[PDB]
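Residue numbers (the entry's author numbering), protein chains in the order written: chain B, 23 to 28, 35 to 66, 77 to 108; chain A, 26 to 68, 73 to 108; chain A', 26 to 68, 73 to 108; chain B', 23 to 28, 35 to 66, 77 to 108. A prime marks a further copy of an entry chain. We put the beta carbon where it would ideally sit given N, CA and C, even for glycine.
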Amino acid sequence: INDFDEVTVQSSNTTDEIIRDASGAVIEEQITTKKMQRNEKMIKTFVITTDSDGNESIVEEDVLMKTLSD
Amino acid sequence: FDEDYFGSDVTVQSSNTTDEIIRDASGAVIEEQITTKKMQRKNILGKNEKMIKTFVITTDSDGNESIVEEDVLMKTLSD
Amino acid sequence: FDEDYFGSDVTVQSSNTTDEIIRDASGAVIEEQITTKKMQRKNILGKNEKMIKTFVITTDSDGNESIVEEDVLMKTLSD
Amino acid sequence: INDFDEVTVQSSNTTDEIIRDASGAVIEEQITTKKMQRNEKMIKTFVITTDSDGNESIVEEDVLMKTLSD
């Protein structure tokens with residue numbers, strides 16, 4: 023499921045920030061978009087860093103939540 | 026043999042799993058299991078650029094979803 | 026100006042924040058705010078190796094902690 | 023706080045797995061260690087990837103939890 027490099037889209041906006049890192053100046057273009065679609079709650083998180091060499095590094099974090107007792 | 030991602034689209038380089046128990050205000054008890062994977066691979074403006082998509086999906090046993098996406102393109106202007 | 030990490034030990038390349046509202050079995054209501062940062066920088074066996082530490086700290090307003098650590102050294106043996 | 027590259037240590041064990049990725053063979057050495065020390079709960083997560091070029095990439099995820107009402 024690398025589909026992540028691509035269903036009601038309830039929002040979308042695109043800001044522009046200019047940052048100084050621990051060195052030089054970087055422009056940054058922030059599209060930020062809320063979508064939606066189809077005893078536990080599943081909150082999965084993904085952070086995909088890609089670079090000018092096609093190289094992708096993902097970091098997933100699944101936070102599953104069941105309710106036990108009481 | 027221990028693990029094989031030769032078939033997969035990516036390669037899980039690591040995995041972890043912790044459990045949180047949440048007794049709440051109602052003493053009601055919640056288990057939270059937290060898997061944390063680090064995977065590398067997929068191999073398209075390049076040059077001076079870097080993509081950082083962040084996703085935050087929420088799901089229920091009904092079928093309903095709730096995707097939040099954040100794309101951050103970084104063109105470095107000088108150094 | 027927008028952001029400056031010139032002073033810091035690292036550079037936050039991105040940030041996000043979502044809120045989850047959890048009504049539970051007792052209708053009790055929980056807000057969960059989820060900040061997700063991606064930062065790069067720190068710059073020691075090398076050669077064919079890669080470190081992947083995973084941390085999972087839990088804290089309370091008392092002061093108590095609960096660190097889980099996972100180190101994964103990857104020496105590639107062949108290709 | 024790059025101190026992460028370094035308090036009761038309640039556990040520690042070190043396994044060895046051999047993996048095949050989406051290509052070749054990788055050894056992996058898994059130290060896995062539980063420590064501890066000092077209306078909300080704070081669960082911070084960190085995943086630090088370092089490489090043979092001193093290059094570190096971190097990914098933090100803070101999951102704060104207050105209880106509102108009921």
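Nearest to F26 of chain B by alpha-carbon distance, out of A:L106, A:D108, A:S107 and A:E99, is A:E99. In the DSSP assignment, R48 of chain B' is bridged to A:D29 and B':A53. Identification of chain B residues near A53 of chain A by a Cβ-Cβ cut-off of 8 Å yields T105, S107 and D108, ordered along the chain. Assigned with DSSP and collapsed to three states, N24 of chain B' falls in helix. Going by C-alpha positions, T36 of chain A' is about 30 Å away from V54 of chain B'. For the pair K104 of chain A and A50 of chain A, the Cα-to-Cα distance works out to about 47 Å. Remark: C-beta atoms of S39 of chain A and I86 of chain A' do not approach each other more closely than 7 Å. By the neighbour-count criterion, in which 16 or more other beta carbons inside 10 Å mark a residue as buried, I73 of chain A' falls on the exposed side. For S39 of chain A, the three-state secondary structure derived from DSSP is strand. Going by DSSP, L74 of chain A is part of no beta strand (DSSP E) at all; its letter is neither H nor E. When only Cα atoms are considered, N93 of chain B and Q65 of chain A' end up about 15 Å apart.
Chain-ordered, the chain B residues with CB closer than 7 Å to the CB of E99 of chain B' read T83 and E99.
The C-alpha of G75 of chain A lies about 42 Å from the C-alpha of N41 of chain B'. According to the DSSP assignment, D100 of chain A' belongs to the beta strand (DSSP E) that extends over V97 to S107. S107 of chain B' counts as exposed, since fewer than 16 other beta carbons sit within 10 angstroms of its beta carbon.
Distance from the CA atom of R48 of chain B to the CA atom of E28 of chain A', rounded to whole angstroms, is 6 Å. By alpha-carbon distance to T83 of chain A, the top candidate from A:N77, A:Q58 and A:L102 is A:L102.
At a beta-carbon threshold of 7 Å, the residues of chain B lying near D49 of chain A' are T105, ordered along the chain. Non-local beta-carbon contacts of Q58 of chain B in its own chain, meaning distances under 8 Å to residues more than five positions away in sequence, involve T42, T43, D44 and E45 in chain order. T88 of chain A and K62 of chain B have their C-alpha atoms roughly 14 Å apart. Where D89 of chain B' is concerned, the enclosing beta strand (DSSP E) starts and stops at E78 to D89.
The beta carbon of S95 of chain A' sits closer than 7 Å to some beta carbon of chain B'. In this model, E56 of chain B' and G52 of chain A' are separated by some 45 Å (Cα to Cα). Between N24 of chain B and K79 of chain A, the C-beta gap is not smaller than 7 Å, which leaves the two residues out of contact. Residue environment for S90 of chain B': exposed (fewer than 16 other C-beta atoms within 10 angstroms of its C-beta). Shown in chain order are the members of the segment 34 to 46 of chain A whose Cβ falls below 8 Å from a Cβ of chain A': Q38, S39, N41, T43 and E45.
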